[PDB]
């Protein structure tokens, strides 16, 4: 279920994300690369990237756009960490294009893990981050399951 964050936890999430927020595209590029390198089955899910060596696509506009769009959503989630309806709407809107896609929960969770690992958070900040991410996935998976209207 969705579990709201405290004022102090919101601050922790904002602070945790600050290094990434100040280098959003650069972080996106690195994290998305590491994701596709560690879990190569996922590259084929992206039609613009399918059929090319990862090292060949990593420097392309197609690749950087995809990475940027993932991180822009997370950036907007962080922006809305204190507004549950707003946070839910960000996810609801991005969920639509994923509904019909053959992407496992494993793949989504693998991406979450790459992001977590890159952030090297202490346990206080990590706890708050995981509260937000648990909310993210609750909303996302509800929407993938056709129960997105509950957040409207």
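Positions refer to the first chain, counted from 1.
On average the C-alpha atoms of 48-56 have higher B-factors than those of the other stretch, with 122-130 and 48-56 being the two compared.
Note on 81-89 vs 31-39: mean CA B-factor is higher in 81-89. In the deposited entry, the Cα temperature factor of residue 64 places it in the middle third of its chain's modelled residues. For residue 99, the recorded CA B-factor ranks within the highest third of the chain. Only modelled residues enter the ranking. Per the PDB record, residue ranking by Cα B-factor puts residue 20 in the middle third of the chain.
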